[PDB]
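*Asks:* Submitted below is the structure of interest, expressed as structure tokens.
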Amino acid sequence: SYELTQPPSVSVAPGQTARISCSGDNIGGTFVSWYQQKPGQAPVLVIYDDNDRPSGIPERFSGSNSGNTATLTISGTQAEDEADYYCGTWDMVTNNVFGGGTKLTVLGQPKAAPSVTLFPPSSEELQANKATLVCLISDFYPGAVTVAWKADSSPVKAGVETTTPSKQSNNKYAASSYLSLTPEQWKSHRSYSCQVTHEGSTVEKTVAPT
Amino acid sequence: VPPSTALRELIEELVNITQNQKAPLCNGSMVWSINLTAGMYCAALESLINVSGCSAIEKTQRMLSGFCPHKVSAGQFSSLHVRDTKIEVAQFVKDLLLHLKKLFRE
Amino acid sequence: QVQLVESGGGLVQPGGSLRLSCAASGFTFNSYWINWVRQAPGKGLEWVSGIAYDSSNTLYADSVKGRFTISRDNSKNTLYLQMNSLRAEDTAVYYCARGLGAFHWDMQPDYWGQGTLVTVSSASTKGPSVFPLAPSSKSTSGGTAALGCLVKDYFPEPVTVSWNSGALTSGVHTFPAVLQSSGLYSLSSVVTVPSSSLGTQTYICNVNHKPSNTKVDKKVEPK
């Protein structure tokens, strides 16, 4: 029935101002709230009653509501303002409605090297007739990484499970890869390595058994 | 709101393959639908990423790649299409186009 | 400090039934309309239900009507949601979020709980096995070391992990889960700690899988 629509993405250079639109028929006729939601967190309110900002929220946040569009304006656009942003209202018929939400990104974050940490099968796990190698990759940007595993400098294709990277609290990315092995396989070889490629550079941590 | 240069390039390409393609698109390949939402581009990218037999979509995929901030890998087996439904690529493309088209209807 | 805490999420069979509940604190629970609002992984926000301050009014989303039942007890300061005939597209994080006023015409949320993850599928709840990722100094700064816990083979999401009952908080990195071919989850939690304190300081990860009602306190020792 009544639905509010937002463009699903917006980019700004840092410091320079940012504008998020929420549209719907006679939107000026109601009160618009704006919510900020960062990856893996619940949404926080930043604007209510079209233009009121609750205690806490920096002054650079602002919103207007006019006929058919509501706009959340962020002047002095900062890194930590990167997020998904939602408009929300109340409609007699359909009640609490929310816009599609919009994914804000501050432009030109500098390239960031990954932090690879590789763990070997625990003694418990081996004792349990299972084996998993654990290849944890933190703090990189852009959010793009190729992981590959080698068994005695020979590629291991099977038994790999690797995540698609996810935005860290610090606006860099984290991913992890896990290799499943039979305790035979693990004890059999000299060593195993996961190797992470992030934009031309590669980090290859290696690990071996007792 | 004026057009992002990289964006209208995508709108054009979408238009082409929807308009120009003779037979069905990717021949009875059925993908996951999307909504005018948030991870929309990635969502789209992920949804396409899976069809392998089809060349018509590869440019579109690339195009979309620039829009998604992180790496999308094919066959990320998950229950994340809980709200979405399976549709013909032809129709998928068109929807995307309209949604993108609509962003510029003032 | 305004606080709304939901619980009761888990794996529920299609056509099954589940009761969520939300426990307010830090404000006059009596004076507020409270909503239940959900969010599917990836998807945006959808308002499900809301209830008046005195319970004179109850209101539901069309997609949810006649299947769900919202309620409250102003004495225990708790809101409830009774969900039935659960379709798969009912899967979401379920937030309990407070209105602005006391009546439907002010139901707009301000404060949102942390949410609880209902997972409607015809799979089977499976608990995790925790293993100690023994400390290595290899990849970490001078004088500090990295030790972890692998949380293998559980379903459905989520998993609470903390270290030393919450006492140790900084250094902790609890990575996002991996969806395996098996269609099971696995995560890793890594804490970074003084190299010297190994052999004195006891390190313990407290794993929690509220879905399966399972808890593990794995002690992580040097190799």
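Just remember, in the structure tokens the first chain shown is A, the second B, etc., residues are 1-based per chain, and ligands are 1-based in the order shown.
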Could you work out which residues of chain C fall inside 10 Å of chain B? Count only C-alpha atoms, and format the result as a list in words.

*Replies:* residues 40, 41, 42, 43, 44, 45, 87, 88, 89, 90, 91, 92, 119, 120, 121, 178, 179, 180, 181, 182, 183 and 184 of chain C

*Asks:* For chain A against chain B, with a cut-off of 6 Å and counting only C-alpha atoms, what is the closest atom pair and its distance in Å to one decimal for every residue that makes the cut, ordered by chain and number, as a tab-separated table?

*Replies:*
```
residue	atom	partner	partner_atom	distance
A:8	CA	B:38	CA	4.8
A:100	CA	B:37	CA	4.2
A:101	CA	B:38	CA	5.7
A:102	CA	B:38	CA	5.5
A:103	CA	B:38	CA	5.8
A:143	CA	B:70	CA	4.2
A:144	CA	B:71	CA	4.9
```

*Asks:* Selection from above, N, CA and C atoms, as a PDB file, in the first residue's frame, can you write it?

*Replies:*
```pdb
ATOM      1  N   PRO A   8      19.751   2.817  -2.976  1.00  0.00           N
ATOM      2  CA  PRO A   8      20.350   1.806  -2.119  1.00  0.00           C
ATOM      3  C   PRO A   8      21.819   2.031  -1.824  1.00  0.00           C
ATOM      4  N   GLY A 100      13.633   1.228   1.919  1.00  0.00           N
ATOM      5  CA  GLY A 100      14.603   0.205   1.524  1.00  0.00           C
ATOM      6  C   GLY A 100      15.899   0.254   2.319  1.00  0.00           C
ATOM      7  N   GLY A 101      16.277   1.452   2.778  1.00  0.00           N
ATOM      8  CA  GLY A 101      17.562   1.695   3.440  1.00  0.00           C
ATOM      9  C   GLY A 101      18.634   2.071   2.432  1.00  0.00           C
ATOM     10  N   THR A 102      19.640   2.832   2.856  1.00  0.00           N
ATOM     11  CA  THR A 102      20.741   3.164   1.938  1.00  0.00           C
ATOM     12  C   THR A 102      22.131   2.972   2.526  1.00  0.00           C
ATOM     13  N   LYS A 103      23.020   2.420   1.703  1.00  0.00           N
ATOM     14  CA  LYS A 103      24.371   2.054   2.123  1.00  0.00           C
ATOM     15  C   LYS A 103      25.368   3.160   1.818  1.00  0.00           C
ATOM     16  N   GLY A 143      37.638  -4.855   0.403  1.00  0.00           N
ATOM     17  CA  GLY A 143      37.145  -6.159   0.849  1.00  0.00           C
ATOM     18  C   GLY A 143      37.231  -7.239  -0.215  1.00  0.00           C
ATOM     19  N   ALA A 144      38.457  -7.608  -0.584  1.00  0.00           N
ATOM     20  CA  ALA A 144      38.687  -8.569  -1.652  1.00  0.00           C
ATOM     21  C   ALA A 144      39.972  -9.333  -1.396  1.00  0.00           C
TER      22      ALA A 144
END
```

*Asks:* What residues in chain C have any atom no more than 8 Å from chain A when counting only C-alpha atoms, and can you write them as a ChimeraX atom specification?

*Replies:* /C:44-47,61,104-108,110-115,131-134,139,175-181

*Asks:* From the list C:217, C:153, C:62, C:54, which residue is nearest residue 130 (chain A) when using only C-alpha atoms?

*Replies:*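 Of C:217, C:153, C:62, C:54, the one nearest residue 130 (chain A), counting only C-alpha atoms, is C:153.
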
*Asks:* DSSP says strand (DSSP E or B) for which residues of region 42-210 of chain A? Put them as number ranges by chain?

*Replies:* A: 44-48, 52, 61-66, 69-74, 83-91, 95-98, 102-106, 112, 115-119, 132-141, 143, 146-151, 155, 160-162, 166-167, 173-180, 192-198, 201-207

*Asks:* Within 6 Å of residue 49 (chain C), counting only C-alpha atoms, which residues show up once you throw out same-chain ones fewer than 5 positions away? Write them as a list in words, please.

*Replies:*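 What passes the distance filter is residues 35, 36, 59 and 60 of chain C.
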
*Asks:* Do you know which residues are at most 10 Å from region 92-96 of chain B counting only C-alpha atoms, after dropping those on the same chain fewer than 5 positions away, and could you put them as a ChimeraX atom specification?

*Replies:* /B:11,14-15,17-19,25,30-36,40-41,44,47-48,57,60,86-87,101-102

*Asks:* With only C-alpha atoms as the counted atoms, please give the residues lying no more than 8 Å from residue 25 (chain A), apart from itself and same-chain residues fewer than 6 positions off, as JSON, numbers by chain.

*Replies:* {"A": [2, 67, 68]}

*Asks:* If we count only C-alpha atoms and set the cut-off at 12 Å, which residues sit around residue 167 (chain C), ignoring sequence neighbours fewer than 2 positions away in its own chain? Please answer as a VMD selection string.

*Replies:* chain C and resid 162 to 165 169 to 172 202 to 206

*Asks:* Of the residues C:173, C:19, C:38, C:98, which is the one nearest to residue 70 (chain C), using only C-alpha atoms?

*Replies:*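 Closest residue, counting only C-alpha atoms: C:19.
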
*Asks:* In region 116-153 of chain A, what's helix (DSSP H, G or I) per DSSP? Answer as a PyMOL selection string?

*Replies:* chain A and resi 123-127

*Asks:* Using only C-alpha atoms, which residues sit within 12 Å of residue 79 (chain A) once same-chain residues fewer than 3 positions away are excluded, as an NGL selection string?

*Replies:* :A and (11-16 or 74 or 76 or 82-83 or 104-110 or 169-172)

*Asks:* Export, as an mmCIF file, in the first residue's frame, the selected residues with N, CA and C atoms.

*Replies:*
```cif
data_model
loop_
_atom_site.group_PDB
_atom_site.id
_atom_site.type_symbol
_atom_site.label_atom_id
_atom_site.label_comp_id
_atom_site.auth_asym_id
_atom_site.auth_seq_id
_atom_site.Cartn_x
_atom_site.Cartn_y
_atom_site.Cartn_z
ATOM 1 N N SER A 11 27.752 7.651 -2.129
ATOM 2 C CA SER A 11 29.174 7.861 -1.867
ATOM 3 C C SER A 11 29.463 9.343 -1.700
ATOM 4 N N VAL A 12 30.277 9.700 -0.707
ATOM 5 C CA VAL A 12 30.806 11.068 -0.592
ATOM 6 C C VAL A 12 32.278 11.056 -0.243
ATOM 7 N N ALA A 13 33.016 12.040 -0.756
ATOM 8 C CA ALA A 13 34.378 12.309 -0.292
ATOM 9 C C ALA A 13 34.303 12.810 1.152
ATOM 10 N N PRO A 14 35.344 12.536 1.964
ATOM 11 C CA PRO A 14 35.218 12.825 3.402
ATOM 12 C C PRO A 14 35.192 14.326 3.680
ATOM 13 N N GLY A 15 34.444 14.734 4.708
ATOM 14 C CA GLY A 15 34.309 16.147 5.062
ATOM 15 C C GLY A 15 33.209 16.853 4.286
ATOM 16 N N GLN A 16 33.189 16.643 2.970
ATOM 17 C CA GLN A 16 32.145 17.151 2.069
ATOM 18 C C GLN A 16 30.778 16.491 2.396
ATOM 19 N N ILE A 74 23.990 14.887 6.059
ATOM 20 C CA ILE A 74 25.160 14.772 6.918
ATOM 21 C C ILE A 74 26.220 15.703 6.368
ATOM 22 N N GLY A 76 29.818 17.615 6.908
ATOM 23 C CA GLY A 76 31.082 17.253 7.547
ATOM 24 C C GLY A 76 31.250 15.749 7.622
ATOM 25 N N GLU A 82 29.982 5.861 7.863
ATOM 26 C CA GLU A 82 29.731 4.775 6.937
ATOM 27 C C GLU A 82 28.745 3.809 7.595
ATOM 28 N N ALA A 83 27.688 3.444 6.865
ATOM 29 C CA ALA A 83 26.627 2.560 7.386
ATOM 30 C C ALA A 83 25.453 2.353 6.410
ATOM 31 N N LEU A 104 25.751 3.888 2.860
ATOM 32 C CA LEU A 104 26.636 5.023 2.698
ATOM 33 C C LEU A 104 28.100 4.600 2.758
ATOM 34 N N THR A 105 28.900 5.139 1.841
ATOM 35 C CA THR A 105 30.341 4.892 1.808
ATOM 36 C C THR A 105 31.108 6.186 1.593
ATOM 37 N N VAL A 106 32.099 6.402 2.454
ATOM 38 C CA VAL A 106 32.990 7.556 2.390
ATOM 39 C C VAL A 106 34.079 7.219 1.389
ATOM 40 N N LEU A 107 34.383 8.160 0.505
ATOM 41 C CA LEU A 107 35.226 7.859 -0.645
ATOM 42 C C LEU A 107 36.718 7.935 -0.372
ATOM 43 N N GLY A 108 37.449 6.990 -0.956
ATOM 44 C CA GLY A 108 38.904 7.010 -0.925
ATOM 45 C C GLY A 108 39.511 6.643 0.413
ATOM 46 N N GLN A 109 39.129 5.477 0.926
ATOM 47 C CA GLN A 109 39.873 4.853 2.005
ATOM 48 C C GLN A 109 41.149 4.294 1.396
ATOM 49 N N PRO A 110 42.286 4.463 2.090
ATOM 50 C CA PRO A 110 43.546 3.964 1.525
ATOM 51 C C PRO A 110 43.686 2.453 1.655
ATOM 52 N N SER A 169 34.091 -3.431 12.305
ATOM 53 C CA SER A 169 33.779 -2.239 13.087
ATOM 54 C C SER A 169 34.654 -1.015 12.699
ATOM 55 N N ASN A 170 35.892 -1.286 12.280
ATOM 56 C CA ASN A 170 36.845 -0.248 11.874
ATOM 57 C C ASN A 170 36.837 0.026 10.367
ATOM 58 N N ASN A 171 35.802 -0.463 9.687
ATOM 59 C CA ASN A 171 35.599 -0.213 8.252
ATOM 60 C C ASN A 171 36.640 -0.854 7.331
ATOM 61 N N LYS A 172 37.437 -1.766 7.869
ATOM 62 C CA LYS A 172 38.216 -2.665 7.034
ATOM 63 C C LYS A 172 37.437 -3.970 6.970
#
```
